[PDB]
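Down below is the structure, laid out as structure tokens.
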2 protein chains.
Amino acid sequence: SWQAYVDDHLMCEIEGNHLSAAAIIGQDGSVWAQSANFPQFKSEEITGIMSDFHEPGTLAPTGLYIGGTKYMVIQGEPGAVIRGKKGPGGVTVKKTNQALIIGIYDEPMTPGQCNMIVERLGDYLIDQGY
Amino acid sequence: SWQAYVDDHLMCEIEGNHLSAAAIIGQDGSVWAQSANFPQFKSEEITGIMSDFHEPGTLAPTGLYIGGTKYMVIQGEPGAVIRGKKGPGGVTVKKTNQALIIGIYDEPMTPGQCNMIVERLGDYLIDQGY
């Protein structure tokens, strides 16, 4: 049950602070599970993302759009992780063999807190085949 | 705090499974936090651990005991992780710069579930200079 991957793991608490909206989306674009406050993702967004993964950098010019919100594209690992800031908040998106982990934090969560939670779980899924 | 990590982070279930016991522990030997059922480190136990970390392979023929319990060494990462096996149980020792992180699994929890959960936070604390 993906849902508990999203309820009891991405929402797990590190240094007393936990994510705001976690979701596990396929590359095609279909929500496997999402957090109660995870938004609904508008046009091209999962495919736009999917082509900063395929030829990197491409997203930063236009800017990270996720539920139509513009996130400042940050340093990310080519074709594996993409990151973004908006004030004291931002998002990590880890690429999997077949999915996209996605996790949204705000202050007091630190970016590298949100990366640890999100990014490792993907590496775990990239080994459970998905 | 430290008994925050252990009982909340390392005990965060995955796939419905969470560790038997976790501990963060000084490299000298001073426990910073440990779970409830976590054993009690005996004689020359930590010390051997940091040799196979510095001279890898050293502990393995001897075995590697933790609370005087027998873990047959399996393969890990030189000078980073020590993993060990006990039927449907076993243990991972993610070593940070001056500390160790340790988790103990008994199946329905997988080597890989443990593995990631311990190594997850281990690298993290190496980022916050531990």
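Residues displayed in chain A correspond, in order, to Swiss-Prot positions 2-131.
Determination method: X-ray crystallography, 2.8 Å.
Heads up, the Cβ atoms here are built off N, Cα and C, so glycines get one too.
Annotated features in Swiss-Prot:
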DISULFID  A:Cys13-A:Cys115  disulfide bond
MOTIF     A:81-97  motif 'Involved in PIP2 interaction'
MOD_RES   A:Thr111  phosphothreonine
Close in space but at least six residues away in sequence, with Cβ under 8 Å from that of A:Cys115 (disulfide bond), the same-chain residues are A:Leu20, A:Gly91, A:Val92, A:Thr93, A:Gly104, A:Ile105, A:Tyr106
Other C-beta atoms that fall within 10 angstroms of the C-beta of the residue listed as 'phosphothreonine' | 15
Rounded Cα-Cα span from A:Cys13 (disulfide bond) to the residue listed as 'phosphothreonine', Å | 14
Under DSSP, is A:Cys13 (disulfide bond) helix, strand or coil?
-> coil
Could you count the residues of the motif 'Involved in PIP2 interaction' (A:81-97) that DSSP puts in helix, in strand and in coil?
-> 0 helix, 13 strand, 4 coil
Can you check which residues sit near A:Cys13 (disulfide bond), meaning Cβ under 8 Å from its Cβ, same chain, 6 or more apart in sequence, and list them in order?
-> A:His19, A:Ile118
